[PDB]
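Under the entry's author numbering, the letters of the sequence shown match residues 5 to 78, 88 to 582, in that order.
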Amino acid sequence: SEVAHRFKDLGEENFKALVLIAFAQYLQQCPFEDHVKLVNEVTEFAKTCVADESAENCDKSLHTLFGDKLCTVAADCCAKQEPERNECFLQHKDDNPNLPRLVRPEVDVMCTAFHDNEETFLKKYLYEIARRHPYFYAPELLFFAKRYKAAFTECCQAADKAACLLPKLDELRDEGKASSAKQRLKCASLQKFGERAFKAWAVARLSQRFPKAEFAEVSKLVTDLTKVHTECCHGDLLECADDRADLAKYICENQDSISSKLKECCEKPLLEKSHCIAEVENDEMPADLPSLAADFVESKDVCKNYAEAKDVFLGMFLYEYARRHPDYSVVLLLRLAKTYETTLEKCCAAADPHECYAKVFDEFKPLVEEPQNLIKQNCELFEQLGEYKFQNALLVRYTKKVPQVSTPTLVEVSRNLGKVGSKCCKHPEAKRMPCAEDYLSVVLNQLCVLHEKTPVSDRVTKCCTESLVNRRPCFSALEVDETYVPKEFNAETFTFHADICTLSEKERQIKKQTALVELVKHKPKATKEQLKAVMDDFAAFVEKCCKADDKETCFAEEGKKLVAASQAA
Ligand SMILES: CN(C)c1cccc2c(S(=O)(=O)N(C)CC(=O)O)cccc12
């Protein structure tokens, strides 16, 4: 009995939570009630299996049971069987479900609902998140949950809750989005590029983190870790949760052989331990490490070793190079690893290999500088424009690159691209690259997945499937779409009403930003000079209308003077 197995392992509290998440993530439209209903029914069934490990259908696989249970509330998918049925669902998850924005009632109402029924108050939380982020790292979602409970449990019994909860709640919403994003990259990697790619990323990323660990140790870690995520990303939430626990345990027992900063982590509860380990800082770099050139360019056995086990060899190369370069971004390490491979491949076929692959490191110099120069520039610019304006600059720049993309997606992607500035730039040269380019991999992955739902630009398609690690270079390379045909104005699109006044300060810029896009799609060839001169104008249109007697018509009048002058520039 599989259900029973996992149950004993996770216990009832986690088993129930993990199953509610799986249901919310599969059928994101169905109400809270129905999932709560199916979860209970299923959990009860599990209880009868722990006892009689041969009762009803305790023999069957998790998918079958889970599949049949949802199929009692859904159709084509449920028409299929075992494998096809499950893949079906996986292919229907929606990365941008059309759900109602989620608004939070007054502090008073939340504390009452929380104190009254606690289990419910949290289950609903899990439900609203798992349905909006169908790829949220399941185990980690339970961690946030405990943190969300501690927030209320503490703030609801204080002097000023609004002051105590609201903040902690914001910190959580953001980090929850961050978390969702990274995990979406891992799944995208695994699903669109294979496990080979995911492994490569794991090696470099972990070798940087555990410089002292041995190659055969990291290799072990990477193998398990791969499994964990392979499972979560495919929907096998229970086992993912289990395996992840195992991996946390192991890493803790064997600290000494892995890292010296894992102390703090292993002295805490499960959910907090796991989260702690995955985010630990890089251990100090071992003192006397030889030069790479020795065993990788100078040696005369290279090609031989490469031919014997190309995988273990390149893997070792990556580990070696990463471990001594925590200043390099994971994607940069992989680019290098890829250049070395292409070199051996052609060089090992020549007359005198040694001579051909002798100057490989000169190939590396250009690749290492490209990122450094780009980071240096854009942060210089960030420092001078500030976040909002910088976001607007990235807005104009990306709309000229891929004009077909939907205004909503452009606005979202460009806004996030701007945040990178604020997160990284403040770091010293030494840690800028990992921060900057790894974040950029996440944000552009967002653009890719949203776009794959409804492909309108071949340029985005090419850049998203050609290479995972070169996505950024691909995009930076693009300048302006020379074949794009300018759109034709629409009154409705540029009609500013008074309803923009009730909207928060942010919801405003967001409006002015959506207008900036619409304009660019209209005058691709326009210039940054003109655009600015026009933007500032829109600012005026809001201050006036919004504060000028009973005017819901100002929007049409002041708006007329707007489009008039707009059509002019
Ligand atoms: C760290 N941060 C300031 C950044 C460094 C390098 C490139 C960045 C980019 S970007 O998309 O690569 N970009 C502006 C380069 C380009 O469009 O060719 C966006 C946002 C922040 C960036």
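Where a beta carbon is used, it is the ideal one built from N, C-alpha and C, also for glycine.
Practice item. Whole angstroms is fine: what's the gap from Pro468's alpha carbon to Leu331's? Key: Per the coordinates, the alpha-carbon of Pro468 lies some 35 Å from the alpha-carbon of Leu331.
**Study point:** Reference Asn429; option with closest CA among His440, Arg410 and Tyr452
**Key:** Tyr452
Point to revise | Whole-angstrom distance between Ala88 and residue 586, CA atom to CA atom | key: Past the edges of the chain, shown from 5 to 582, lies residue 586, and the structure says nothing about it.
Check your understanding: Are the segment 27–43 and the segment 98–110 touching by the rule of at least three beta carbon pairs closer than 8 Å?
Key -> yes
Review point. What do you get for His464, buried or exposed, if any count of 16 or more other CB atoms within 10 angstroms of its CB means buried?
Key: buried
Review point. Among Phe395, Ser342 and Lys545, which has the Cα closest to the Cα of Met446?
Key: Closest option to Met446, judged by alpha-carbon separation, among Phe395, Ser342 and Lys545: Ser342.
Review point. Quick one: is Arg336 buried, meaning 16 or more other Cβ sit within 10 Å of its Cβ, or exposed?
Key: buried
Check your understanding: How is the alpha helix (DSSP H) around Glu311 delimited, first residue to last?
Key -> Looking at the DSSP string, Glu311 is not in any alpha helix (DSSP H), and its letter there is neither H nor E.
Review point. By Cβ distance, which residues of its chain are closer than 6 Å to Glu252, with the 5 residues on each side in sequence left out?
Key: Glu244
Point to revise | Nearest candidate by alpha-carbon position, reference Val40, set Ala28, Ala50, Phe49 and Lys359 | key: In this structure, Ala28 is the residue among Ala28, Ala50, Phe49 and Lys359 with its C-alpha nearest to the C-alpha of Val40.
Check your understanding: Does the Cβ of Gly207 lie closer than 7 Å to at least one heavy atom of ligand 1?
Key -> no
**Study point:** Contact check, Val77 vs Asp121, beta carbons under 8 Å
**Key:** no
Point to revise | Within the segment 393–471, ranges of the alpha helix (DSSP H) (whole runs, at least 4 residues) | key: 420–437 and 442–465
**Study point:** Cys392 beta carbon less than 8 Å from that of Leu357
**Key:** No, they are not a contact pair.
Review point. How is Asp562 classed by DSSP in three states: helix, strand or coil?
Key: coil
Check your understanding: Does any heavy atom of ligand 1 sit closer than 7 Å to the C-beta of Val433?
Key -> Yes.
Check your understanding: Expressed to the nearest angstrom, what Euclidean distance is found between the alpha-carbon atoms of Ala215 and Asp259?
Key -> 18 Å
Check your understanding: Is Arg485 near ligand 1, judged by its Cβ being under 7 Å from some heavy atom?
Key -> yes
Exercise for review: Please go through the same chain and pick out, in chain order, the residues whose beta-carbon is closer than 7 Å to the beta-carbon of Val530, but skip the five residues on each side of it.
Suggested key: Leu408, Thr412, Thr420, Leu423 and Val424
Practice item. Have a look at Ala552, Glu6, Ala261 and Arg472 and flag the residue whose alpha-carbon is nearest the alpha-carbon of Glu518. Key: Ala552
Check your understanding: Taking the alpha-carbon positions, what's the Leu250 to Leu481 distance?
Key -> 26 Å
**Study point:** Length of the line joining the Cα atoms of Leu305 and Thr478
**Key:** Rounded to whole angstroms, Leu305 to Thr478 spans 32 Å at the Cα level.
Practice item. Note down, one range per segment and in chain order, each alpha helix (DSSP H) of at least 4 residues found wholly within the segment 144–192. Key: If we require 4 residues or more, the alpha helix (DSSP H) runs fully inside the segment 144–192 come out as 151–168.
Practice item. Locate the alpha helix (DSSP H) running through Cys487, then write down its first and last residues. Key: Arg484 to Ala490
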